[PDB]
C-alpha cells in the first residue's frame, strides 16, 4: 500500500517489494538501455509457507538482490519461479534462481524461444498452455496463454484469492501511450489475445503491467488502443 515504487526510489542493482494484497507483492527493479532507465515488475505469491515468484528482476545482479530483499522483507523460501516470456527481462537471472535452489519453470514455447535467442532457459516445463485460451493451475495462481501478443509465448498470471491479474509485458501501463519493443510481437493477434484475457478474468480488481504503475481492467483496453495505433502507423 502507499506510493508505488518508481526508478526514483530504486538505485541501480536494487529491488523494492510492494504489497498489492494479502500474500501478493510486486517486485520492482531497474535496467538501463540506450541511456534511459526503465522499471520492470514481477510478482510474488505466497504458497502456504513458501513463495512462488513470477519473473526475474531483469538480470543476474538484480535477481540476486531480489532474493536478498525477499529474504529480508518476507522471510519465506522461494521454491518455484515462472517466467512469462522468453526475453531477458523475464528469464535474465534464471541461473541465479537455480543456484539458490529455486525450481524455474516456463512453457515449452518459451523454453524453445529462449534457447534460440541464447537466453537463460528455465529448467522445468509447464504443460498444457500451447493453445490460445489454455489455462492451468499452478499452486496459488492460474497461468493463462491468451495467444500471441507482445511475444508468441507470453503468459498471463491470475491470483484468484486476491483478484490480481498480472499481465506481464503483453499489457502496458496507462502512462505508456506508444508501443514498446514489438520486434517479436504479433500485432495482428495482440487485440484478440487481449480480448481472451478480458473474457477470462472480468472480475480482476488489480492489473499489473510488465512495466510501470498498476491499475484496473482499463489497462487491457488501453493496451488495445496503443497496439492498434501502432498497427496503423
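Positions refer to the first chain, counted from 1. If you superpose the two forms and keep the largest set of C-alpha atoms that fall within 1.5 Å, you have the rigid core.
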| query | finding |
| --- | --- |
| Core-aligned Cα RMS comparison in 8 other deposited structures of this protein - stretch that moves more, 49-57 or 32-40 | 32-40 |
| Stretch with the higher entry mean CA B-factor, where the candidates are 123-131 and 145-153 | 123-131 |
| Stretch with the higher entry mean CA B-factor, where the candidates are 22-30 and 167-175 | 22-30 |
| Highest-ranked of 136, 106, 74, 91 once sorted by CA temperature factor in the record | 74 |
| Residue selected from 193, 41, 205, 63 by maximal Cα B factor | 205 |
| Within-chain third of residue 102 by Cα B-factor, per the entry | lowest |
| For residue 116, the third of its chain into which the C-alpha B factor falls | highest |
| Chain thirds of CA B-factor: placement of residue 79 | middle |
| Ranked against its chain, the third holding the CA B-factor of residue 210 | lowest |
| Residue 55 by Cα B-factor - lowest, middle or highest third of the modelled chain | lowest |
